[PDB]
Amino acid sequence: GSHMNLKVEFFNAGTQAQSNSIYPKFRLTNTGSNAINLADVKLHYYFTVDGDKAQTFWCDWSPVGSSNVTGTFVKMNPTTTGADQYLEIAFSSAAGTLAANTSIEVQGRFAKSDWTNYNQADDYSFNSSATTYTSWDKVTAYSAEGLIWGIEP
Ligand SMILES: [Ca+2]
Ligand code: NI
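A chain's residues are numbered here from 1, following its sequence as written, a convention that may not match the entry; residues for which no coordinates exist are omitted. Chains and ligands are labelled by the order in which they are written, letters from A for the one and numbers from 1 for the other. Excluding hydrogens and water, the side-chain values take into account all heavy atoms of the structure.

This deposited entry lists X-ray crystallography as its structure determination method and 1.001 Å as its resolution.

Numbering of helices and strands starts at the N terminus; helices are DSSP runs of H or I of at least 4 residues and strands are runs of E of at least 2. For the protein, the helix and strand inventory stands at zero helices and 14 strands. Order of helices (α) and strands (β) in the protein, N terminus to C terminus: β-β-β-β-β-β-β-β-β-β-β-β-β-β. A compact globule built from 153 residues should have a C-alpha radius of gyration of about 15 Å, and the protein, at 15 Å, falls within 12% of that. Considered along the principal axes of its C-alpha atoms, the protein spans approximately 45 × 30 × 30 Å. Burial classes follow relative accessibility: with a 1.4 Å probe on protein chains only, a residue under 20% of its type's maximum area counts as buried, one over 50% as exposed, and anything between as partly exposed. For the protein, buried positions account for 44% of its 153 residues. Sequence-distant contacts, at least 24 apart, represent 73% of the contacts inside the protein between residues at least 6 apart. Surface exposure here means Shrake-Rupley accessible area, sampled with a 1.4 Å probe, where a residue is shielded only by the protein chains that are shown. Total accessible area computed for the protein in this model is approximately 7,100 Å², and 47% of it derives from carbon and sulfur atoms. Just to be clear, the radius of gyration here is over C-alpha atoms, and the globule rule we use is 2.2 Å times residues to the power 0.38. Contacts were defined at the residue level, with two residues in contact if any of their heavy atoms lie within 4.5 Å.

Here we come to the sheet that holds strand β6 (residues 55-61). When DSSP finds two or more bridges between two strands, those strands count as paired. If you walk across this open sheet you meet the five strands as β6-β10-β3-β1-β12, and the pairing is antiparallel. A strand with exactly one partner marks an edge of an open sheet, and here the two such strands are β6 and β12 (134-135). In this structure, β6 lies alongside strand β10 (residues 102-112), joined through six bridges in antiparallel fashion. Along β10, the bridge assignment pairs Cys59 with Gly108.

Here we take up the coordination of the calcium ion (ligand 1). The calcium ion (ligand 1) binds to the protein through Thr48 (O), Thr48 (OG1), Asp50 (OD), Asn119 (O), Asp122 (OD) and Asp123 (OD), with metal-donor distances spanning 2.3 to 2.5 Å. Only N, O and S atoms count as donors, using a 2.8 Å cut-off from the metal and 3.2 Å for Na, K and Ca, and because water is excluded some sites may appear unfinished. Note on geometry labels: four donors, all angles 85 to 135 degrees, give tetrahedral; four donors become square planar and six octahedral when opposite donors are over 155 degrees apart and every other angle is between 65 and 115; remaining cases are irregular. Here the calcium ion (ligand 1) binds six donor atoms, and the angle range of 72 to 165 degrees at the metal identifies the geometry as irregular. Judged by relative accessible area, which is 34%, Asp122 ranks as partly exposed.

A few words on the coordination of the nickel ion (ligand 2). Summarising the metal site, the nickel ion (ligand 2) is bound by the protein donors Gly1 (N), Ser2 (N), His3 (N) and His3 (ND1), whose distances to it range over 1.9 to 2.0 Å. In this structure, the nickel ion (ligand 2) is surrounded by four donor atoms whose angles at the metal cover 83 to 175 degrees, and the resulting shape is square planar. In terms of primary sequence, the donors binding the nickel ion (ligand 2) are separated according to G-S-H. Using a relative accessible area of 45% as the deciding quantity, one classes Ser2 as partly exposed. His3 sits in the partly exposed class, given a relative accessible area of 48%.

Below is the structure:
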């Protein structure tokens, strides 16, 4: 009612269909009056891997300190349209809190260990058109309570 006031905006920094990397950019805004503990916040980006390989996420920049933002990859079960895996982004305790009526960006890439290609065009979370942050319900966010933003596939 006031404890999940996290607005999530998103775009893709690189929009090549055949791409050796995926470039998620999130903007998270605390739209409420109470601080949000980022250590409890998770984000998901859903996609089809187009050839499963070990993957790595890098956060290149966030105001909270890029080293405090990490990613792991999970398989969808069962798989569904546009989604056989997701990236899950997490924040460490050193990321701190997100103050009332403030926002932070989280800018990351991910790639396969052998740098082989993805097809972005079929990915559930991919936005082929946005060039700026946009309110996007095809990425999800979570608190300790569970889902707080978006539509899971
Ligand atoms: Ca794909
Ligand atoms: Ni609430």
